[PDB]
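Visitor:
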Amino acid sequence: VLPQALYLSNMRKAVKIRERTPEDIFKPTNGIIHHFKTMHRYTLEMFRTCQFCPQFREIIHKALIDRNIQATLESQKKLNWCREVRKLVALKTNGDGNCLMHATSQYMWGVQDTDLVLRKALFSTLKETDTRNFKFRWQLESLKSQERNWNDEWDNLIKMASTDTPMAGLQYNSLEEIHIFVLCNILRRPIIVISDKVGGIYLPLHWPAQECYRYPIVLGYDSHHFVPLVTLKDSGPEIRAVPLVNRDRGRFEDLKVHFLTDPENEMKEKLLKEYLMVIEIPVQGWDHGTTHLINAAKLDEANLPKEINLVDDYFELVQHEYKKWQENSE
């Protein structure tokens, strides 16, 4: 029937991307952060599954989405809770300790950084470029949550970003919050994360917003595993956006925006307003038949060209396999 993963519906294509990928990275002599030239502006959007037999609509899902963390985050009212906005879906991602990059790489490209290009770009940027500012905010935030051995623990982190094997669980080193903050600064693109320590909003602070992509990358996190929370190519009318807040027992705790400087945390709403794309959204709340306005960031509408577009493929191949399934599922 239908392939186990979005990209395996056209591997000659996957390759095309996995090759276009590194050619896009600009490595400034200026000593500025290694960043992507253009491919960061790309956003994948999943196809409309609500068009098929419930029996068939179902076989696609076992195939593509990670129903485990999907059910979890949704259960914890932390994933698909706002009714006024489009639903998001968790794509399955290799849990080889590079999940962070895999999930990011999927969200943008259809593919999945099996070539280690992102993971590399992280490490290379973290070794050959000025750690100065990262090290700082890393300290700064490690203090805010301590209720003495500095440069020592940070040397450890740069080490973990390495492509090489861990001297302990599985095949690559597990990444941590700071790497995300760096990753997003390599992408020049925000990354908001939906979880149950890392969940929050990461912004390309080492860049004037006047020059990075203002649509997020959305990831889901559970049991130390990273996933792309991609938007359904729904018909409407639900706005395409992520709430910048959560629902915590009747109040709206907004998201933890990370690695902010002490002056910055005092003007976040203004930062978020400009690195993101913020809109005020009406939300049934307070249960008391009342309403409540929350902030949400506009999400991107799929813009992967034909030439590199694995979904378009997997879909065709789904429609074919459905004509044959419809003709004679008996």
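Here the sequence shown stands for residues 5 to 151, 162 to 182, 185 to 212, 228 to 361, numbered as in UniProt numbering. Even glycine gets a Cβ: it sits at the ideal position worked out from N, Cα and C.
What separation, rounded to the nearest whole angstrom, lies between the Cα atoms of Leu291 and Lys131?
Guide: 22 angstroms
Visitor: Output needed for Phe127: all residues of its chain with C-beta closer than 6 angstroms, excluding positions within five of it in sequence on either side, in chain order.
Guide: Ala175, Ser176
Visitor: To test your reading of the DSSP string, which unbroken beta strand (DSSP E) runs of 3 or more residues are found completely within the region 261-298?
Guide: 272-274
Visitor: Looking only at its chain, what residues have a beta carbon closer than 6 angstroms to the beta carbon of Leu122, apart from the 5 residues adjacent to it on each side?
Guide: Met105, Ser109
Visitor: To which residues of the same chain is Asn84 closer than 8 angstroms at the C-beta, ignoring the five residues directly before and after it?
Guide: So the qualifying residues of the chain are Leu77, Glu78, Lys91, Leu92.
Visitor: Classify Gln74: buried if its beta carbon has 16 or more other beta carbons within 10 angstroms, exposed otherwise.
Guide: buried
Visitor: Quick one: what's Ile208 bridged to in DSSP?
Guide: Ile232, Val249
Visitor: Tell me whether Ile69 sits in a helix, a strand or coil according to DSSP, three-state version.
Guide: strand
Visitor: Is it buried or exposed, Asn359, if we count other Cβ atoms within 10 angstroms and call 16 or more buried?
Guide: exposed
Visitor: Considering only heavy atoms of the ligand MN, does any lie closer than 6 angstroms to the CB of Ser79?
Guide: Absence of the ligand MN is noted for the structure shown, with no ligands found whatsoever.
Visitor: Would you tell me roughly how many angstroms separate the C-alpha atoms of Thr33 and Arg61, rounded to the nearest one?
Guide: 51 angstroms
Visitor: May I have the straight-line CA-CA distance separating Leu147 from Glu27, to the nearest angstrom?
Guide: 39 angstroms
Visitor: Is it true that the region 233-251 meets the region 28-47, where meeting means three or more beta-carbon pairs spaced less than 8 angstroms apart?
Guide: Contact check between the region 233-251 and the region 28-47: three or more CB pairs, one atom from each, fall below 8 angstroms, which counts as touching.
Visitor: With a cut-off of 8 angstroms on the beta carbons, I'd call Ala333 and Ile310 a contact; round off their distance for me.
Guide: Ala333 to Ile310, Cβ: 19 angstroms. No contact.
Visitor: Since residue 183 is in the alpha helix (DSSP H), which residue starts that stretch and which ends it?
Guide: Within the chain, the sequence of modelled residues goes 182 then 185, so residue 183 has no position in this structure.
Visitor: Report buried or exposed for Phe257, applying the criterion of at least 16 other Cβ atoms within 10 angstroms of its Cβ.
Guide: buried
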